[PDB]
Amino acid sequence: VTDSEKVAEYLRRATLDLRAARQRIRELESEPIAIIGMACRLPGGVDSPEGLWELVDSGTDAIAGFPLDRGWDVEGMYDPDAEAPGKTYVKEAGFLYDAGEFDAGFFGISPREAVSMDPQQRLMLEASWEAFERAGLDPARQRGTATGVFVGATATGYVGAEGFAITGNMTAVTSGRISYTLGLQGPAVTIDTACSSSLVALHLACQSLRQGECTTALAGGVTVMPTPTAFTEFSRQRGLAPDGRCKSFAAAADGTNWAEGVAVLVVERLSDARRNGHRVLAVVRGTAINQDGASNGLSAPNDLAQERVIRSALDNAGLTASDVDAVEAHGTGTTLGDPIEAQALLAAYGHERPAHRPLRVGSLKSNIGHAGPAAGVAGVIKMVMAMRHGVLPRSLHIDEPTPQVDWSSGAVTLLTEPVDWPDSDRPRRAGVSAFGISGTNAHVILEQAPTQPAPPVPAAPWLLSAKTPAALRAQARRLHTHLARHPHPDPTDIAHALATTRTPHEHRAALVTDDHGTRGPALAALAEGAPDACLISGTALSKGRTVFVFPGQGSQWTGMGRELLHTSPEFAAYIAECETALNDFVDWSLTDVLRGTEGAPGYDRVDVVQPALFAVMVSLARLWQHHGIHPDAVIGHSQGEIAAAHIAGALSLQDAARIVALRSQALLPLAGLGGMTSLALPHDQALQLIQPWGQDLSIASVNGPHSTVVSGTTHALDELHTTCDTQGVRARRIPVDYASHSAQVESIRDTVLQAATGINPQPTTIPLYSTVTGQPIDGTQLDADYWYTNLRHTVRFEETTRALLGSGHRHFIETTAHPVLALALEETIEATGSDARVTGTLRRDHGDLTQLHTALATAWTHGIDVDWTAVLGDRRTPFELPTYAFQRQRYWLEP
Amino acid sequence: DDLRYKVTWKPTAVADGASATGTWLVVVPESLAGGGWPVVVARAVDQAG
């Protein structure tokens, strides 16, 4: 090779590595940070970002009278004069009248601990759970994750339970508890920088994301006033407005006013959020923080510092002054603060931009007052929601722009009335300021989220769950109301969101239907709790092992599995595998028999029903396994044992097919000689009832404590039928023509010994409970004589089920085309004082995917960890759902 | 002073609400006709279920 190409390839490698390193520098210095979730509780009845948007868009003022349930002597702590201890001239301010409300039971906190718990901690816990739920993340599954918690808070002096009172009031716990209750492992830091506390925390969170120390972070703040000390002492210097309205950037600006609140953001790196398919609401592009430093007093703003922090944030974001369309100004409403902020905004933003695109300035504090530490983060939530709706809400209580600052430049304009946000030529961008009393300024730059199918599964289950039945009903009602105000959402997306992005709680319910006309009424019926055809309900079991039951004769009907052959590809593949394994010693194709094509034998013939039942049952069991329901044991019933053996790993598919086919063929000479009859009596009564007939009859099977099957000759059978009629016993006759589990099978003994010859048993991967023995059986013992005994000796299904219940098995699943042993299993369970639950796969005339999904939903409702990823696909559109319906109760310390 | 009292209006948290089940009978004066409050409350109960 020439040296030119030899060095050219090295140059290519070097420049590619250089590009990679430069991109890494770019993403390590200033990467965009996606706000994948938000949550907030603010005055004016706000409890979600949508509530905040409704409040600001309507121009509603959340200022209201003082709380009366907090022990405040509100009548005796108001006088007009501005100089008096313990008295204030402010009548109204923002408040969270449900601040003491908290769902203690949800987080495992006892009532006595909750009473001695700071309201800030409770509000932060609830808001963090809501934020995680709104981000498409299951909060329970975040346990053990490297998730940080940066929270802005202050010590507000809220104050058998001696231990709880210590950790229940320390501000350091205000973040730590969030990472303890949820089990997060990233750093938990409680910032305290006055009004800038929350926004500053968000900046720190961004750093924690950029260094790789966190994969996700909670950035937020909380503000609660258990006592009126913020109103009495601060009013000495006429700091608060007289009427209590924060007139932001208005000539009537004559003070500020405090307000409670909480606001959190679940934030992740934009690349990581895109990789995980999370919904990105907005993008923090850059942030900056500094200090006023030298200023006219400690508590006084400095315009130069605000200009510096705004410019630093713009440089960090890599955006120009003209690139920002609007700003959420701090806007405290003070006479001295507002002109300083206006001058800073005019100098920094409104200096070089088109005259026809002035910077729109607003302030959330005009609506809800000065929210305190939680203000700044709450601000971005407003600037997110408007950014989603493309409408800039108006700022209230602005009779005219204040004359202290000069608006002659015209580059900056207040939001006197709502202004439509253009969505052309560039993404929408905005800014938020959180200038603090202590002097720490903070500015954040937000950018619009960047612009980002599978076939619809039929009869997608809609899953709901809650801690208590009342919470479940509240969840159903909330979901119904949310879906009502939605233009025909995709049902499969809703199913996927409910199944994957929500925690499975104890009390569960499901809705399975193939048409979008019953889901609404079904949700309503769940809401008021009335029953419905497509509604399923239950209480999941915390512990319990699963069992697959394999009944023998009885669960057959024409067309069974016909629909699954078309709809379900996995079932078709398993049926094809069984067909290939069964073709060797059978003179017909299984697929023709199942599909009922012309010329194929019917199910009346004995030699074909057991192979077909075996294949269908094995395919259904493997389909259950494909959905993640791996059995912890198996149990058979006469021929079903063979199928169970194949699921136990004892027998290969070829061996099981050989055994079942040849054993069914060997039963042909028995046709017409006798039959079976099922009667409802205990074992002893049935046994002594057949004594007059002696050896002619025998106990074919003991299904349950009051259900047995007796097999024998037709003459003996219909002689005993009239005796049972005399005694009044519902001796139901099984439609069969062969008296197995009786003496007649001896006549064919050698043949069945030839039927099972040549097989190669192996040890069982899954335990197998043999009905013949009544206990677990070694896989290598399933020789020919074992199968002959299974055909000959009486079945002891009841004793085997009792042993299974004793061993700690709680979920019984019948893999048949129709349940036949559900009654016996339920009778055994209720006669033992065990909380086991029985389910079936299909039913008569119901074998489509709808019935399979109904069975899966019922199994999940009973508490089986069904893998819904296989059923509903791997990933779909991130449909948004309402958060958990907390059942709050009031906890507050008396004076 | 033990027997002194006063009526007042405690602020309270806004209730989340629920679905308006069944049929609701709204009765309005004929003088008002379809003006302000009647049409809007009728619409509100209509969207309430």
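Structure determination for the deposited model, as stated in its record, used cryo-EM, and the stated resolution is 3.1 Å.

A.B. asks: I'm lost on the overall build of chain A in this one. Help?
C.D. replies: When you go through chain A residue by residue, the secondary structure sums to 30 helices and 29 strands. Taking the principal axes of the C-alpha coordinates as reference, chain A spans close to 110 × 90 × 45 Å.

A.B. asks: Even after reading the chapter, I still don't get the domain arrangement of chain A, so can you show me in this structure?
C.D. replies: All names here are of chain A. Here chain A is partitioned into domain 1 (24-448), domain 2 (462-539) and domain 3 (545-872). Between domain 2 and domain 3, the C-alpha centre-to-centre distance is 35 Å. Between domain 2 and domain 3, the contact holds 16 residues from the first and 12 residues from the second. Of the roughly 1200 Å² buried at the junction of domain 2 and domain 3 (both faces included), carbon and sulfur atoms supply 71%. When the buried surface of domain 2 facing domain 3 is broken down by residue, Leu-463, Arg-508 and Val-512 rank first, second and third, together holding 39% of it. Counting the contacts that link domain 2 with domain 3 gives zero salt bridges. The element that contributes the greatest number of residues to the side of domain 2 that touches domain 3 is strand β19 (residues 535-539), accounting for four residues. Split into classes, the residues belonging to the side of domain 2 that touches domain 3 amount to nine nonpolar, five polar and two charged.

A.B. asks: Just checking my understanding: could you explain the sheet that holds strand β23 (residues 697-704) of chain A for this structure?
C.D. replies: Strand pairs in the sheet, formed through backbone hydrogen bonds, run parallel or antiparallel to each other. Residues and elements named next belong to chain A. Within the open sheet, the four strands sit side by side as β23-β24-β22-β25. Their pairing is antiparallel. Edge positions in the sheet fall to β23 and β25 (732-733), since each of these pairs with one other strand and no more. Relative to β25, strand β22 (residues 674-679) is paired through two bridges, and the arrangement is antiparallel. Within β25, the residue paired with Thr-677 across the bridge is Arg-733. Seen against the sheet, helix α28 (residues 822-830) touches β23 and β24 (707-713) and runs at an angle of roughly 65 degrees to β23.

A.B. asks: Whenever I open this one, the interface of chain A and chain B confuses me. Can you help?
C.D. replies: If you look at the interface, chain A gives 11 residues, while chain B gives 11 residues. Where chain A abuts chain B, roughly 780 Å² becomes buried across the two surfaces, and 68% of that area is made up of carbon and sulfur atoms. For the pair chain A and chain B, the interface holds zero salt bridges. Taken together, the connections running from chain A to chain B amount to zero residue pairs in polar contact. A per-class count over the side of chain A that touches chain B returns three nonpolar, three polar and five charged.

A.B. asks: Honestly, the pairing of strand β15 (residues 429-433) of chain A in this entry has me stumped. Any pointers?
C.D. replies: In summary, the side chains of a regular strand alternate between the two faces of the sheet. All names here are of chain A. Within β15, five of the five residues are buried, leaving the element largely enclosed by the surrounding structure. Along β15, one buried face is formed by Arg-429, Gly-431 and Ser-433 and the opposite face, lined by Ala-430 and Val-432, is buried too. Pairing of strand β10 (residues 326-328) with β15, which is carried by three bridges, proceeds in the parallel orientation. Counted as the bridge partner of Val-327 is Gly-431 from β15. In this structure, β15 lies alongside strand β16 (residues 440-448), joined through five bridges in antiparallel fashion. Looking across to β16, one finds that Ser-433 is bridged to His-443. Here β15 hands over to β16 after six residues, with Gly-439 in that stretch at a positive phi of 110 degrees.

A.B. asks: When you look at the side chain of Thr332(A) in this model, what are you seeing that I'm missing?
C.D. replies: Residue and element names in this part refer to chain A. As for its position among the elements, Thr-332 is in the loop between β10 and α11 (337-348). Looking at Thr-332, its side chain comes within polar contact range of the side chain of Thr-334, at 2.9 Å. Leaving out residues up to four positions away in the same chain, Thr-332 has contacts with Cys-246, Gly-255, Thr-256, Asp-338, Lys-365 and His-370.

A.B. asks: When you look at the sheet that holds strand β18 (residues 507-511) of chain A in this model, what are you seeing that I'm missing?
C.D. replies: All names here are of chain A. Here three strands make up an open sheet; going across it, the order is β17-β18-β19 and the pairing antiparallel. Among the strands making up the open sheet, the edge pair consists of β17 (462-466) and β19. The sheet shows a mean angle of 15 degrees between the axes of neighbouring strands, taken without regard to direction. The pairing of β18 with β19 spans five bridges and is classified as antiparallel. Within the sheet, the bridge partner assigned to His-507 lies in β19 and is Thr-539.

A.B. asks: Whenever I open this one, helix α27 (residues 797-807) of chain A confuses me. Can you help?
C.D. replies: In an α-helix, one turn spans 3.6 residues; hence positions three or four apart end up facing the same way. All names here are of chain A. Among all positions in α27, only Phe-797, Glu-798, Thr-800, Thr-801, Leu-804 and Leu-805 are buried. Relative to the axis of α27, the buried residues are bounded by an arc of 165 degrees and lie together on one face. Positive backbone phi, approximately 100 degrees, marks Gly-808, located one or two places after α27.

A.B. asks: Just to check I follow, could you spell out the pattern of salt bridges for this structure?
C.D. replies: Pairs can form between side chains of opposite charge once their charged atoms are near each other. All names here are of chain A. Scanning all chains against the criterion turns up 31 salt bridges over all chains. For the salt bridge of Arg-41 with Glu-130, the shortest nitrogen-to-oxygen distance reads 3.7 Å. One end of the pair, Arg-41, is in strand β1 (residues 33-41); the other, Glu-130, is in helix α4 (residues 119-134), with 89 residues separating them in the sequence. Judged by its relative accessible area of 3%, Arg-41 is buried. Classification of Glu-130 by relative accessible area gives buried; the value is 3%. Measuring nitrogen to oxygen at the nearest pair gives 3.5 Å for the salt bridge that ties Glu-113 to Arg-177. Here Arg-177 falls in the buried class, since its relative accessible area comes to 9%. Connected through shared salt-bridge partners, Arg-285, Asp-323, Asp-325, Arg-426, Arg-429 and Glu-447 make up one network.

A.B. asks: Just checking my understanding: could you explain the environment of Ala644(A) for this structure?
C.D. replies: Residue and element names in this part refer to chain A. Note on placement: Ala-644 falls in helix α21 (residues 640-648). Between the C-alpha atom of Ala-644 and that of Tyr-769, which follows or precedes it by 125 residues, the distance is 9.2 Å. Each residue touching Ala-644, except ones within four places of it in the same chain, is listed here: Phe-550, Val-634, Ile-635, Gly-636 and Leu-768.

A.B. asks: Help me understand the packing of aromatic side chains, please; the structure alone is not making it clear to me.
C.D. replies: What describes a pair of aromatic rings is the distance from one ring centre to the other and the angle between the planes of the rings. Residue and element names in this part refer to chain A. Taken as a whole and judged by the stated rule, the model has 17 aromatic pairs over all chains. Each ring, one from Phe-102 and one from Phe-107, has its centre 5.7 Å from the other, and the planes form 5 degrees; the classification is stacked. Comparing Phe-102 with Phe-107 shows no difference in burial state: the two are buried. A ring pair is formed by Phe-106 and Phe-886, whose centres lie 5.1 Å apart and whose planes are at 75 degrees; its orientation type is edge-to-face. Each member of the pair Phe-106 and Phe-886 is classed as buried. Aromatic rings pair up to connect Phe-102, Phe-106, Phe-107, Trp-129, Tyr-884 and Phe-886 into one cluster. Above the ring of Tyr-78, the side-chain terminus of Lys-91 is found at 4.6 Å from the ring centroid. When the ring centre of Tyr-788 is taken as reference, the NZ or CZ atom of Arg-749 above it lies at 5.2 Å.

About the cut-offs
- Residues numbered from 1 in each chain as written, not as in the entry; some residues may be left out.
- Chains lettered and ligands numbered in written order.
- Part of a larger assembly, values for the part shown.
- Heavy atoms only, no water.
- Residues with missing side-chain atoms left out of burial classes, pairs and counts.
- Helix = DSSP H or I, 4+ residues; strand = E, 2+ residues; numbered from the N terminus.
- Domains from an automatic or database assignment.
- Contact = heavy atoms within 4.5 Å.
- Buried area = accessible area lost by both parts, 1.4 Å probe.
- Salt bridge = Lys/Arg side-chain N within 4 Å of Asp/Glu carboxyl O.
- Nonpolar A, V, L, I, M, F, W, Y, C, P; charged D, E, K, R; others polar.
- Pairing = 2+ DSSP bridges.
- Axes fitted to C-alpha atoms, helices over the stretch in contact; angles between N-to-C directions.
- Polar contact = N/O pair within 3.5 Å; in protein donor to acceptor, adjacent residues only side chain to side chain.
- Buried < 20%, exposed > 50% of the residue type's maximum accessible area, 1.4 Å probe, protein only.
- Arc of directions from axis to C-beta.
- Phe/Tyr/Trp six-rings, centres within 6.5 Å; stacked < 30°, edge-to-face > 60°.
- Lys NZ or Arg CZ within 6 Å of the ring centre and 35° of its normal.

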